[PDB]
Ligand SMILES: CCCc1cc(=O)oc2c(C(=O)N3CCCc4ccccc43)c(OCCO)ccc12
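Okay, so here's just one chain, in structure tokens, the form solved without the ligand.
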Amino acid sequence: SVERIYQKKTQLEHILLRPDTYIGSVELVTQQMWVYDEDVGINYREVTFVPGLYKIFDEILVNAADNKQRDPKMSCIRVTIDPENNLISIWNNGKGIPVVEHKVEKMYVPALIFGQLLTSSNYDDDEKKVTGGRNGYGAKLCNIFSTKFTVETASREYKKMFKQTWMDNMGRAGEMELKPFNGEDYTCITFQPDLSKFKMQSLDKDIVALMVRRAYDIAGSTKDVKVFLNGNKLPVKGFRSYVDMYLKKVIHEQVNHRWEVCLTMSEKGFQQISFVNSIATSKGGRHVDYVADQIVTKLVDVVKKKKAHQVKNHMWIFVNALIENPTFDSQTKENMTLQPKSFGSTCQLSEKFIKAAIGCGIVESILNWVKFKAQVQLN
């Protein structure tokens, strides 16, 4: 009775019992957002989907992009989505995971970091890294919310390939397969999400449209990384070309190795599209405020010569950023809360960018509008 009332849970039990604490809502939500629809392409519409499901997909995708930082020679990511077989796989090149036994934990590294909770190569903050990874949960969460989860990685350096399958919400695992290897390194994560945990029958149009858009995001946000979807190379060559998809006048600057900015006029209020370490910061954050307010200030002062949030409300801004040890207001990670002083870099836009921005069709809209309101009489 005392023993029935007061309980202790294992870590694994707890995640399944309280999923929203780890992956966010396991219920449907409906909201407006950009997705990539088949035949139509990038568009803004109402979408109904489960955040938790999006999240576990996003964890594996971001992990692939994280590997770019670990190994700049990485050049490709391949994504496969198969609704009929309820099957998703995410492949990447560049250095594989060390296929070797961990001397402290007494298991092979891949099995450790995909099969045991609280495991990461990003737990040392002294190293100052710009990965999306930070907590050591992501890959495990995908595993816990999958009926089958397969890890395959190949390490030339250790001359071996590792392959292992987990099943039933990481409740059991198949035998670990090792083989000799000396090819080019790859990692492939293949999983079948547990749709009953998300109250879904299949990977419907909406969730797929989101997942597909993330592939495009990765193509846009990473450097010198080709992205394939299913089989086809995505026609996105860097951030500029990514931004072009959203448009049918645009100002651009690659400020430095960690910041890239595009700006155009908005007629629907302040808009932002942004990324931090290849994470989609859909609700913005201090990184967007940092760049935007810098532009706002300069444009307000030009307007003063002949109003602040009003200037900002005419802006559509696109930001790709690499931030050290980023922080977010929730799981979901839609809003990045780290202060600019801790970013690890600055982003001072060039005078050329600012000058082009003063043109751009913007200070003009505001001035015409303000001249107009002076002409209006209410009768």
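Throughout, we count residues from 1 along the sequence that is shown. C-alpha atoms forming the largest set that superposes within 1.5 Å between two forms make up the rigid core.
**Q** If you count the residues of the deposited sequence that sit between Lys248 and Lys249 but have no coordinates, do you get none, 1 to 3, 4 to 9, or 10 or more?
**A** The entry leaves 10 or more residues without coordinates here.
**Q** If I compare the deposited sequence with the modelled residues, how many are absent between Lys306 and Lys307: none, 1 to 3, 4 to 9, or 10 or more?
**A** Per the deposited record, the segment joining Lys306 and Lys307 lacks coordinates for 4 to 9 residues.
**Q** On average, which has the higher Cα B-factor in the deposited entry, 121-129 or 255-263?
**A** For C-alpha atoms only, the mean B-factor is higher in 121-129.
**Q** Comparing 175-183 with 136-144, which has the greater mean CA B-factor as deposited?
**A** If you average the C-alpha B-factors of 175-183 and of 136-144, the larger mean comes out for 175-183.
**Q** Looking at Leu87, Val243, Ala209, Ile113, which has the highest Cα B-factor in the entry?
**A** The C-alpha B-factor peaks, among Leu87, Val243, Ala209, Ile113, at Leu87.
**Q** Looking at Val40, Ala65, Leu322, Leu53, which has the biggest Cα B factor in the entry?
**A** It is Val40.
**Q** Taking the chain's C-alpha temperature factors as the reference, tell me which third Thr281 falls into: lowest, middle or highest.
**A** Tercile = lowest for this residue's CA B-factor.
**Q** Can you tell me whether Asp301 has a C-alpha B-factor in the lowest, middle or highest third compared with the other modelled residues of the same chain?
**A** Tercile = highest for this residue's CA B-factor.
**Q** Once the chain's modelled residues are ordered by C-alpha B factor and cut into thirds, is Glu59 in the lowest, middle or highest one?
**A** It falls in the bottom third of the chain.
**Q** When the modelled residues of the chain are sorted by Cα temperature factor, does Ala215 land in the lowest, middle or highest third?
**A** Tercile = lowest for this residue's CA B-factor.
**Q** Name the third of the chain's ranked CA B-factors that contains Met167, choosing lowest, middle or highest.
**A** CA B-factor rank for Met167: lowest third.
Note that the form solved in complex with the ligand isn't included here; everything after this is about it.
**Q** Here the chain is shown alone; which of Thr264, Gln272, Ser155, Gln164 has a heavy atom within 4.5 Å of the ligand in the deposited bound form?
**A** None of the others qualify; the residue that does is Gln272.
**Q** Of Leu299, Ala280, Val99, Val227, which residue is found within 4.5 angstroms of the ligand in the deposited bound form when only non-hydrogen atoms are counted?
**A** Going through each option in turn, the one that passes is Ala280.
**Q** Heavy atoms within 4.5 Å of the ligand in the deposited bound form: does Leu338 have any?
**A** Judged by the heavy-atom cut-off of 4.5 Å, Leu338 is well away from the ligand in the deposited bound form.
**Q** Would you please decide whether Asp217 lies within 4.5 angstroms of the ligand in the deposited bound form, comparing each non-hydrogen atom pair?
**A** Yes - in the deposited bound form, heavy atoms of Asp217 and the ligand come within 4.5 Å of each other.
**Q** Would you classify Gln31 as touching the ligand in the deposited bound form, given a 4.5 Å non-hydrogen atom cut-off?
**A** Because a heavy atom of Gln31 falls inside 4.5 Å of the ligand in the deposited bound form, the answer is yes.
**Q** I'd like to know if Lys197 sits close to the ligand in the deposited bound form, meaning any non-hydrogen atom pair within 4.5 angstroms.
**A** No, no contact at 4.5 Å.
**Q** Which is the contacting stretch out of 228-236, 272-280, 177-185, 80-88, given heavy atoms within 4.5 Å of the ligand in the deposited bound form?
**A** In the other structure, the partner sits against 272-280.
**Q** Across 168-194, which residues bring a heavy atom to within 4.5 Å of the ligand in the deposited bound form?
**A** Going through 168-194 in order - heavy atoms within 4.5 Å of the ligand in the deposited bound form - there are no hits.
**Q** Please look at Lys298, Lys159, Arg134, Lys223 and say which one has a C-alpha shift reaching 2 Å or more between the shown form and the other one, core superposed.
**A** Once the cores are aligned, the residue moving by 2 Å or more is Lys298.
**Q** Please say whether, between the shown form and the other one, the C-alpha of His314 moves by 2 Å or more once the core is aligned.
**A** Comparing forms between the shown form and the other one, the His314 CA shifts at least 2 Å.
**Q** Any CA movement of 2 Å or more for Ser330 between the shown form and the other one, core superposed?
**A** It does shift by 2 Å or more.
**Q** Aligning on the rigid core, do we see the C-alpha of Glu267 shift 2 angstroms or more between the shown form and the other one?
**A** The answer is yes; the displacement is at least 2 Å.
**Q** Compared with this form, is the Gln331-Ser121 Cα separation smaller or larger in the deposited bound form, the difference being 3 Å or more?
**A** Closer together, which means the C-alphas of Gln331 and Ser121 are at least 3 Å nearer in the deposited bound form.
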